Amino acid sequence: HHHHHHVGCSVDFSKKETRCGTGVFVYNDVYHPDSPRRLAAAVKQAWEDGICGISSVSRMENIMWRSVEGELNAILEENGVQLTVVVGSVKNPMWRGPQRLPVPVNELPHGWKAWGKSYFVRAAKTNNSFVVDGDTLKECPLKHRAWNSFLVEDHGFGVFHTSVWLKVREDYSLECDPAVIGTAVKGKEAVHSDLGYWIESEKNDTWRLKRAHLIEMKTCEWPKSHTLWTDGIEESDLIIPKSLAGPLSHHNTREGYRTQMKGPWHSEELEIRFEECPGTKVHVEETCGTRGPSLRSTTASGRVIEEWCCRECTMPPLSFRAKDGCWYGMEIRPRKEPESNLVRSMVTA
């Protein structure tokens, strides 16, 4: 019926029309970490070489560690290693660790093979704990933690069969795994995306950021291989910071805005949108305050400030939508209310 590798159909949903064909399709998609023995050996070596724990790149890696925890600890127990892997909650932003899990090239002896084992006995706890995120910087600082250690294999990831085959890197790097990245353009609309970011861009006088949905705040570097228009861009003209996995792209820009370093990156989940916060208004006045830490539309008392301003940004105003409320861009300050009364972002990319 067809001699191609991929076939897809777009739906026009009222016409009853339906266009099929072949090509490349980027959907809004917003675990086998090596052989068990090899991973276990990597963790043993990790402790034995100073690395106390892990800072996950994404909300994937964390979930994986969580789903591997039992078998990993059991195998560590089998081969005489008093060490317990503890997997905690994801903390935003997902900070960059200087370490990475070493390839042992000498996998632990008496584990088995596959990753889907059950009905076994859980291992015992230990004073020695291999930490994985979850509010534990006090007992294990960032700078002794592995980060971005895993790479998806060649055909390791797919959406139709939800297996994800991973390996421990041979090299250290800052690049986000390009296996799960999908970027596309069509006429005056475009998108950069992965499993966490959904970043839309449009064409209105200039190419620019339309809106973005972040489900995580990672700090890896979005590869240019999977980025559009990567030349002639001052890093400070971006919206989503480079150090926040923002694509080095002209698509990642907006007239009258600079890099949102001090955005509300402590949030679980943000929706960067160009719309006034509910009940608020914004004026473009050169008498407004200078750009500073992103402020929330509501005070700690939940009091909603009405009038805001910006020195020379453009409308509609940049804003972040989190569960705790609505934040404004760095350029946008309260017009009348003194900044000292408002909730500010205590974080920096």
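Numbers for residues come from their place in the sequence shown, where the first is 1.
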Inset, instruction - Count, per the entry, the deposited residues between residue 30 and residue 31 that are not modelled, and return the matching class: none, 1 to 3, 4 to 9, or 10 or more. - result: 4 to 9
Legend entry - Stretch exceeding the other in mean C-alpha B-factor - 302-310, 45-53: 45-53
Inset, instruction - Take the C-alpha B-factors listed in the entry for 84-92 and for 177-185, compute each mean, and give the stretch with the larger one. - result: 84-92
Inset, instruction - Would you mind finding, among 97, 241, 158, 264, the residue with the largest C-alpha temperature factor in the entry? - result: 158
Legend entry - Identity of residue with top Cα B-factor, from 204, 193, 252, 163: 163
Legend entry - Position of residue 283 among the chain's modelled residues by C-alpha B-factor, lowest, middle or highest third: middle
Inset, instruction - Place residue 77 in the lowest, middle or highest third of its chain's C-alpha B-factors, as listed in the PDB entry. - result: highest
Inset, instruction - Looking at the entry's B-factor column for C-alpha atoms only, identify whether residue 274 ranks in the lowest, middle or highest third of its chain. - result: lowest
Inset, instruction - Just say lowest, middle or highest third for the CA B-factor of residue 147 relative to the other modelled residues in its chain. - result: middle
Inset, instruction - State the tercile, meaning the lowest, middle or highest third, of residue 138 with respect to the CA B-factors recorded for its chain. - result: highest
